[PDB]
Every structure is written in structure tokens, then in C-alpha cells.
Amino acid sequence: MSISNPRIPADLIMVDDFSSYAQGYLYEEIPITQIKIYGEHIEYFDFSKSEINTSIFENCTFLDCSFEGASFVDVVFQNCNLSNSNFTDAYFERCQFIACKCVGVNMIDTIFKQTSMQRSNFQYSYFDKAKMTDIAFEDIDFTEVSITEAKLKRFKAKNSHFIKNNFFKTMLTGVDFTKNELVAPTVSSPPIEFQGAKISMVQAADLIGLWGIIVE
């Protein structure tokens, strides 16, 4: 990786119940710091405006939770299920997602910096108007992810699935798609969003075929 890793101390306070540990810090507007959460299962809970750093989430399940307006800095999510949780206006810096289920997740208007995700599933998610900078994907399922009006810089991906994506108004100059799956993207006419992008011969033939032309 060319990405700065989360900077986490060796001594982490293990925490019992996160749902109510956080209540104090939300109230008083204080950073949650240096903790480890493990084995939780929480649904429909409001964690909006949490300001979290230097912590690890492990084997946790946050379904349909709000993280609207939250921030995460030097944070690992490892083997978590965040499906259908709402992260609109959230901020991420030096974060890692590893082996996570993030189906139907709402990441609209987010800011990501120096973040990597590996072996995780993001099907049916929304990354519209996200601004993402210094990002690395490995083995990521991005099937049916909407990501219109986004702003990407130093974004790389390998072995990842960009299938049925809406890329409308999102410029992809300098992105290399050759070691990934690119299938059935939605783009403008003409297709500026792919100007300066790099694809494979097969990707080009599939794409031309898409627009009604026969290829050998």
C-alpha cells in the first residue's frame, strides 16, 4: 500500500457496552478515544455527530444506525456488518475497512482521506457527491453502487467489481481499471467521465457492444 495506515496505540481500553458508553461523550461533545469495541449487535440506534479516533471495531453489527455527520480518524473496522447504516456528511481519515459487510450503506456527501478497504461488500450503496482522496480498493464488490457528482484523486483499485455503476458527472481521468471488472457503467454523451481513464481490450469491446455495435 501507498496509503498511510491508521496510527493506533498498543494499549486499548476494552469496552463493555458501546451503546451507552458513547451517550456521555455525545452529550458533552468530547472525542471518544483509545477504545476497542467487540461482539456488539445494535440496531436503529442514533450515533450521529460522534467524533471517534484512535479505536478498533471488531465483529460488530450496526444495522440501520445513524452516523450522520460523524468523524473517524485512525480507525479500523474489522469483520463488521454496517448494512443500511447512514453515514451522510461523515469524515474518514487514515481508516481501514477489512472483511466488512456494508450493503445498502449511505455514504452521500462524505469526505474520505488516506483510507483503504479490502475484501468487503458494498452492493447497492450510495457514494453520491463523495470527495475521496488517496484511496485503495482490493477485492471490493461495488456492484450497483451509485457514485454521481463525486470527486476522486489518487484513487486506485485492483481485483474489484465495478458493475452497473452510475458514474454520471464523476471524472475518472487517471484511474486504471485494467486489473478489475468494469461492466455496464452509466455515463454522459459524450462520455467525458472516462476521458483519460485506462481500460483493457476486453473492457473496450464490452463497452462498444453495450452501445449497440457488433465486435469479433
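Throughout, we count residues from 1 along the sequence that is shown.
**Prompt:** Which is higher on average in the deposited entry, the C-alpha temperature factors of 206 to 214 or of 1 to 9?
**Reply:** Averaging CA B-factors over each stretch, the winner is 1 to 9.
**Selected stretch [higher average CA B-factor]: 144 to 152 or 36 to 44** = Here the higher of the two C-alpha B-factor means belongs to 36 to 44.
**Message:** Among the choices 59, 186, 170, 159, identify the one whose CA B-factor in the record is greatest.
**Reply:** Of 59, 186, 170, 159, 59 has the highest C-alpha B-factor.
**Message:** Lowest, middle or highest third: which one holds residue 50 when the chain's residues are ordered by CA B-factor from the entry?
**Reply:** Middle third.
**Message:** Going by the CA temperature factor in the PDB record, which third of the chain does residue 63 belong to: lowest, middle or highest?
**Reply:** For residue 63, the deposited C-alpha B-factor lands in the highest third.
**Request:** Name the third of the chain's ranked CA B-factors that contains residue 79, choosing lowest, middle or highest.
**Result:** For residue 79, the deposited C-alpha B-factor lands in the highest third.
**Request:** Ordered by C-alpha B-factor within the chain, which third holds residue 175? Give me lowest, middle or highest, please.
**Result:** Middle third - that is where residue 175 ends up once the chain's C-alpha B-factors are sorted.
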